[PDB]
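Report on the following structure.
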Amino acid sequence: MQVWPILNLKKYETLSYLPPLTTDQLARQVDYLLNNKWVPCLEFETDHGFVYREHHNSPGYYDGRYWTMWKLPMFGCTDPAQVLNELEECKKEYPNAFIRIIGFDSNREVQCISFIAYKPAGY
Amino acid sequence: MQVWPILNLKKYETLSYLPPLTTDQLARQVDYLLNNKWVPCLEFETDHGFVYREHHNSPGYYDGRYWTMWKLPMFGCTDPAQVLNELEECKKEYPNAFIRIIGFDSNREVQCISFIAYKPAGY
Amino acid sequence: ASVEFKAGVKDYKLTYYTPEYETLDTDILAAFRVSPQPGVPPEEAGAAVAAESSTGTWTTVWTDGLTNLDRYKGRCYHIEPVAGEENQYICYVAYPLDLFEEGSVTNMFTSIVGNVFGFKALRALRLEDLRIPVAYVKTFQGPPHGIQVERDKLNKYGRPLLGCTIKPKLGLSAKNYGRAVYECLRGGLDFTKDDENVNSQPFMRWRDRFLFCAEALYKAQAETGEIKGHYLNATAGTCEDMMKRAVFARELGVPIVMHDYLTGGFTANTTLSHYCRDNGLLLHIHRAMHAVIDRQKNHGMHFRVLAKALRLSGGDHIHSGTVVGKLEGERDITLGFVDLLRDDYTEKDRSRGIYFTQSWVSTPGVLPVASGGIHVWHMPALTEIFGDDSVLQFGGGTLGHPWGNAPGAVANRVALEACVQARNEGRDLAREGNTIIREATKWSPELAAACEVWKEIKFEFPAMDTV
Amino acid sequence: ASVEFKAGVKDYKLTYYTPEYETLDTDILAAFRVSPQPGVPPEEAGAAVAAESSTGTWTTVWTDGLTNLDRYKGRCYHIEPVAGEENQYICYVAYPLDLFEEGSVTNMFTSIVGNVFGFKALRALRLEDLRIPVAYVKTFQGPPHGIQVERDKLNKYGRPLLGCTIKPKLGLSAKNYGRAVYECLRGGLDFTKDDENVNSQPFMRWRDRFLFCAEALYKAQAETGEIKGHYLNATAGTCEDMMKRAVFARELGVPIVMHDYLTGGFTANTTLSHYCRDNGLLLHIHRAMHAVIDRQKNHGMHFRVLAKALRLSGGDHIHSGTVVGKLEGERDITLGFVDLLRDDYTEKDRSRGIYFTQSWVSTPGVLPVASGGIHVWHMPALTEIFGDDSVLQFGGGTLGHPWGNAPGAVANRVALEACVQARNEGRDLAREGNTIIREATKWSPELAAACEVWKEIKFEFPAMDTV
Amino acid sequence: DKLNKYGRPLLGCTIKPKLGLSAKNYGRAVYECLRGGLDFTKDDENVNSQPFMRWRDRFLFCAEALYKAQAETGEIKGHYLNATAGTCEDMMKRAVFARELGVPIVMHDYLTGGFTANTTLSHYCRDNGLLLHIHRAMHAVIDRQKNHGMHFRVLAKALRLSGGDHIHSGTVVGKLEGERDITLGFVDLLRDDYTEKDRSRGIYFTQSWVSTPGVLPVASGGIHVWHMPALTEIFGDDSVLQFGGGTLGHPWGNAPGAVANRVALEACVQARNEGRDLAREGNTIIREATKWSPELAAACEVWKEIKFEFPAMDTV
Amino acid sequence: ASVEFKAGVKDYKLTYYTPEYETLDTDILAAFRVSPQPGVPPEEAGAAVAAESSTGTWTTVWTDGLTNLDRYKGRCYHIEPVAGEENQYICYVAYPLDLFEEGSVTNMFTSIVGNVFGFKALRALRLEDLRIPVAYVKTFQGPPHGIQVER
Ligand SMILES: O=C(O)[C@@](O)(COP(=O)(O)O)[C@H](O)[C@H](O)COP(=O)(O)O
Ligand SMILES: O=C(O)[C@@](O)(COP(=O)(O)O)[C@H](O)[C@H](O)COP(=O)(O)O
Ligand SMILES: O=C(O)[C@@](O)(COP(=O)(O)O)[C@H](O)[C@H](O)COP(=O)(O)O
Ligand SMILES: [Mg+2]
Ligand SMILES: [Mg+2]
Ligand SMILES: [Mg+2]
């Protein structure tokens, strides 16, 4: 009987309870996003990797949900390499930030994909 | 006339004002809870050993009262050695955690025993 | 069945003495200790009590015919002479469920105890016990929280809680009150409290006291790492004032307030109890004035009845006596109403003055509070009599310590924990009590100082209220 | 002056027995009938009472030094042995004005009667009287209207008012209640009333009763051309419920409501009294439960103290006993507290149990209500004892009439007016009482019928509460 | 958008036993469940305010518990606090305290409480930013038999109008009845903006919603780790899968129970995203995950042979 | 006293079928017309109904050990066949007073009729009657007036 660890066990939503994604596994997630004709976008954050509540405590209000946009959503992107290239570009420029890849469905106007693609040292 | 100290005088509820419990004394407390047919359970905490108020300040609300359960309550336990063994196991896995032993009374549904069995260095 | 109206006076026993009646599980049963005037037979005395506390008056009224009196009348169904007393009887009276207003302790006492105690035909009258049927019990909210929930909110388990009344009773300023409070709390006590008569006065207005006391308790809590409380007294002259005090306490985020239920009254106590339930505030009840009613054996109301009434109206704590302190309280009788306050079921037991079996249908239990003239040497006895589910309070016993409030609290906390440890290890508190305390004095200077001051202090007098 | 703190217990008399003290006109003075345990000297017993009802506790506390105890302490300043009793003393205690919360009868009793009655060192304790200083009296609203204003609102002068409690006590339906009420009112009575225990129950909910009773009283008023009232009972389990009942009565436009002040409590009574003042409603006060507290001479609180407290808290009427009825009440003692309820000034008079001179600084007077076991033959005595400023109530004495409610009321109204006329003409009611009644029976068939039924009915028993 | 959760079904859990737990024991169970990976926990439908646990006490301890779990994991958590009461006034009193606590979600039994009370609460939740979870207790009294009553699809449409953010939809594979095609029919009626007539799925009329928000279907009732592939395949990402016994029945406790469910779900999501057929490769995907997840391995072992197969009463 | 926890599914009848139980005057009693699926024993179907309308679920949970399940559980205490009827029974279930919210019909029905009617193991289910104990009746206001007052 194992006791689930309490320390340094922060998670990052979808796919975070699985083993780290290998190069090919990550590329397959991107392929999935593109195959569904969703728009890819990269977001990064250096100061608040996790949700907190500083400005308000009313129902549904949380700080830390918004991250900062890397360039612009990749409208018309049909090649995973492009997304993976931008990811590297973002890493070299923000090696100490958390970086996630999201995919927008413009018809429903809902993010259908969202997973952490990179974590700074210490995580 | 002695002045009661102010610094580094945090307490841990029942038994915390007596000299540190010896191995034999600790075992006697465990015998007691078992003799009363209460269910033993171990709890540990690393980040917040004492109550505080971060999320709310209304009457009766306090953060830090819940610690995390080590495995499950020992239903059917009748051997004190079983409890002390778990204490040692919890201690080795979490050396920097405060660990307490509690005893449940299922009929009244209240903890009839609760005491700190171990505290990290500097406490 | 109908009958012709005949004006005139008849004996109460013709309609109200029903020795063949079998009580319904929905009836409120009462045990009265009746002392009739010479010449008044016990059957007539018992019937008068039943009649005038339910449906009858002194002469025949025609209006009885518009209703079904058999269905509503109170009935004296049993009488027994009291041993060791002359011309005294225990009369049992049954009242149907319909006579009472749901959830009103005020209405219940108005009928049962309203006018009958002043009857010319009686020398004295005492209400010893009431059997409250479960159907009526369910109409009350009961304690706003109760034993389990309280321990859970405060995160305190495995030992009696510790309190202390600030002294002097009256005369201290708001700031000095907070000063005394912080010093008491930092030394190990769980609570401190306003004296029962400390409401709002020229020397200390309530709001100032609430404010300074909140600062003091939060400082002591931060210093010790143990949850603290201070019973803020909401007792006031009007419902409106009482409410304004409870409201501010809520605003401060403190865990507990107090109320003098008898001097304040049942109507106001029930209002406060509901507010405490709605707002998460623990409610400590002080029984000021009870002895005016419950001390004499021949006339009045026994405390056990006043205790049951509080459990119904609502209160998380209630003073229960100390047995060994400065105020009267016999051990057997005390243990009797303590079970009636904490348990879900108590069987009829006349050796402890319990006249009827009482069930509570899961109404939360009330925490008995032992306070008044107690000190360190009394710790083993108090721990042995009340057990873990109790609050032991030391006012003079803390502020009377030669080294001050913090050392006084330490002495009390250490004395308690030493008893808890010894008991847990299998030692006999009633036999080894003094030895256990002496052992702790060896390593606790604070406790040693307390022990020497109160060594020869005892309170032993013949009790008036006995069985 | 400063002094070194010395821990330990001292006798209460070293600080609380002050036989050389001269009382200030701002002090609350109390007269306690103290019965000490054997071995406890009267000076120590009196001092314990003074101490624990003001500022002290069982052991020395250092905090006394933060304040000026001489300025706040209660003081036993006089002791006298009681004649005809053994080991009993009257101890006089003075409490400074500062100890009390303005306008709160609840706070006043909490201090004076709070914990002292249960002291192990005492066998029994009774509070006989309180001298309420005029400076404290002014902090209370007093009766919402009082004698003069009431007579003026109702347009009734020159004779005692007449009431009647509807019977049976419990069991009648709302419509039958109104039926009984209209019949009683149309025959000449000024008021009818809910029985003290009639609040809201399965057989008759309050709102239905209020509604049917309003219809009945308006019909009787229209028929007779005399202003009528029916005491609608606002006694309830919570302040909120009590208030909802008072509010509906206000909406109906009726003139008077009632409250059981002791079972309801002082906090709720004071709230209702203020509402009655703000809304023009007369307030009748029923003293249910008083005898539990005030019947025995050796322990409790005399009724005169409970009466003064009502005048302060507020009430337009208050039951005062009948002397000749079914409930206890001695003539001299009764007349004593009747003056304390109506007058602006009453001088100390020990033959009537008045221990202190009392001034009311124009606080309105309260109308004493004589009720309980009285009938037509008692009319001359009642009229002679209470005078015009009183309310005489006949429940069983009206609804027990062989011809019904209206004829019963007529018999009572005629019997009263015959006494009023005879008195006014110079006849002696105490001497010619029976003759006066007999003369009226000659032309009043209704009164003749009443007289024959209750001819041999008397209530004569030895009183427990005497002087 | 409020919870910051995308790309997978949400995971919930009903605390057990249904009744009988104290307020503190409720919060204790809640904290352990949420910390293991579940997004939500919930009061059982019949947990309102009773002698063993009064409502305000429960709301208080559950709030302390969920905030602790959230801080530990870094993921937004919630606990459906039950606002169902005997009167509108009591219901509102419970919704108000939830709002004061700053929590994200409350729940209501719309059929036993009633449509009038539900619409009142729906409007209050909109004005105060509270998510509203709807339990369909009593629906089977009305919708089970094919010959008499009202089909659930009509009750589902009624809820979308009255108002609710979630509504139980059945599991198909669980302990309670629900046919696949009929279920798929009303799930579309709950989430989409337009659904055309389709008699094979019991859809008699074409229905348009003119942009009325979709409601999240909640699959709950007798389900476990082995059902994960099937549930993910049937419902898709826009659903909430709840495991009461399936979490509190785990041999290692609540946190490991939650981990098992969260891992099983993510394994199915990853496989699906890679193009794997959940219907055919379901068991394989789960077995693969047990190689690196002790929590999941222990769970699979316990419920390997448990299935719920009986003839359906409600059919097309 | 308590036993060890063992994960796994057990038949509901093991805990919820109590044919020798004597009802208390504070219990809410329910009479159900139960029509089990073929192969489901009436004791199990009756136990399932009692279990899922009170304290139990489909698999064993360790939390039961924190309470005294015996005083809170619903209990199928009696079963009788329906005359001239194929595989149909009247199952009697007792519910302790503590399971219900005072004055709330909504809560009473949520428990007794909440989820059991949709069980796969049952073909049909009908609640015929309920014995409402007087202690529970007193927690309600009832008619605002009633026959007598209305007339
Ligand atoms: O005023 C007092 O005497 C106390 O503060 C005790 O002070 P000490 O701790 O300083 O003695 C308590 O209120 C009494 O115990 C009440 O009596 P009971 O508890 O019997 O109702
Ligand atoms: O319940 C009763 O007995 C009465 O209605 C009298 O009825 P009858 O007129 O039918 O006797 C009165 O309340 C008592 O007088 C109260 O006692 P006191 O007035 O002494 O407080
Ligand atoms: O009470 C219950 O049985 C549940 O908590 C599930 O518990 P388990 O997770 O322990 O099965 C749910 O409320 C049901 O799913 C209701 O049915 P439906 O979703 O079909 O409305
Ligand atoms: Mg006190
Ligand atoms: Mg009366
Ligand atoms: Mg459920």
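Protein chains in written order, with the numbering used here: chain A, 1 to 123; chain B, 1001 to 1123; chain C, 2001 to 2467; chain D, 3001 to 3467; chain E, 4001 to 4316; chain F, 5001 to 5151. Backbone N, C-alpha and C define an ideal beta-carbon position, used for all residues, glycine too.
CA-CA distance, residue i and residue j?
i, j, result
"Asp-4044 of chain E", "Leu-4176 of chain E", "16 Å"
"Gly-3187 of chain D", "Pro-5144 of chain F", "34 Å"
"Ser-2273 of chain C", "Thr-2235 of chain C", "12 Å"
"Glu-2150 of chain C", "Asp-3152 of chain D", "55 Å"
"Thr-2346 of chain C", "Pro-2168 of chain C", "39 Å"
"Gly-3056 of chain D", "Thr-3015 of chain D", "9 Å"
Considering Cα atoms alone, identify which of the options is closest to residue i.
i, options, result
"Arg-1065 of chain B", "B:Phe-1050, B:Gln-1082, B:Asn-1036, B:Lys-1037", "B:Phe-1050"
"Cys-4013 of chain E", "E:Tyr-4067, E:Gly-4020, E:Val-4096, E:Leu-4081", "E:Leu-4081"
"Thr-2063 of chain C", "D:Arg-3207, D:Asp-3260, D:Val-3410, D:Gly-3396", "D:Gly-3396"
"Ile-5132 of chain F", "F:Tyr-5016, F:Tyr-5017, F:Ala-5030, F:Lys-5013", "F:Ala-5030"
"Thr-4087 of chain E", "E:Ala-4023, E:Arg-4276, E:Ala-4117", "E:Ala-4117"
"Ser-58 of chain A", "E:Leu-4130, E:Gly-4282, E:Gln-4242, E:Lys-4157", "E:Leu-4130"
"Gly-4174 of chain E", "E:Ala-4230, E:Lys-4291, E:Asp-4057, E:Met-4091", "E:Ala-4230"
"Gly-5074 of chain F", "F:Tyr-5017, F:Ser-5002, F:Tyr-5136, F:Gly-5008", "F:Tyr-5017"
Closer than 7 Å to a non-hydrogen atom of ligand 7 - does that hold for the CB of residue i?
i, result
"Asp-3260 of chain D", "The model depicted lacks ligand 7 and carries ligand 1, ligand 2, ligand 3, ligand 4, ligand 5 and ligand 6 instead."
Short check: CB of residue i to CB of residue j, under 8 Å?
i, j, result
"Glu-3044 of chain D", "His-3302 of chain D", "no"
"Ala-4098 of chain E", "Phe-4059 of chain E", "yes"
"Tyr-3077 of chain D", "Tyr-3021 of chain D", "yes"
"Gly-2372 of chain C", "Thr-2334 of chain C", "no"
"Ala-3448 of chain D", "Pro-3407 of chain D", "no"
So what's residue i in DSSP terms, helix, strand or just coil?
i, result
"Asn-3233 of chain D", "strand"
"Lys-10 of chain A", "coil"
"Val-2040 of chain C", "coil"
"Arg-2311 of chain C", "helix"
"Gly-2178 of chain C", "helix"
"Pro-4256 of chain E", "helix"
"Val-4225 of chain E", "helix"
>> Count Cβ pairs between the region 103-113 of chain A and the region 81-90 of chain A that sit closer than 8 Å; are there 3 or more?
In response: The region 81-90 of chain A and the region 103-113 of chain A do not touch, with fewer than three beta-carbon pairs separated by less than 8 Å.
> Hey, is the region 5048-5068 of chain F in contact with the region 5100-5109 of chain F, meaning 3+ C-beta pairs nearer than 8 Å?
Replying inline: Fewer than three Cβ pairs drawn from the region 5048-5068 of chain F and the region 5100-5109 of chain F lie within less than 8 Å of each other, which leaves the two stretches out of contact.
>> Could you check whether the region 3448-3457 of chain D touches the region 4209-4223 of chain E, counting it as contact only if at least three pairs of C-beta atoms, one from each stretch, sit closer than 8 Å?
In response: The region 3448-3457 of chain D makes no contact with the region 4209-4223 of chain E; the number of CB pairs closer than 8 Å stays below 3.
>> Across the region 2375-2384 of chain C and the region 2429-2437 of chain C, are there enough close Cβ pairs to call them in contact, namely three or more that are closer than 8 Å?
In response: With the cut-off at 8 Å, the region 2375-2384 of chain C and the region 2429-2437 of chain C touch.
>> Under 8 Å, with one C-beta from each stretch per pair, do the region 56-73 of chain A and the region 1010-1021 of chain B reach the 3-pair mark?
In response: With a cut-off of 8 Å, the region 1010-1021 of chain B and the region 56-73 of chain A do not count as touching, because too few Cβ pairs lie within range.
> According to a CB-to-CB cut-off of less than 7 Å, which residues of the region 1052-1064 of chain B neighbour chain H?
Replying inline: Of the protein chains in this structure, namely A, B, C, D, E and F, none is chain H.
> Using 8 Å as the threshold, is the region 3417-3437 of chain D in touch with the region 3196-3215 of chain D, meaning 3 or more CB pairs across them?
Replying inline: Cβ pair count under 8 Å is below three, so no.
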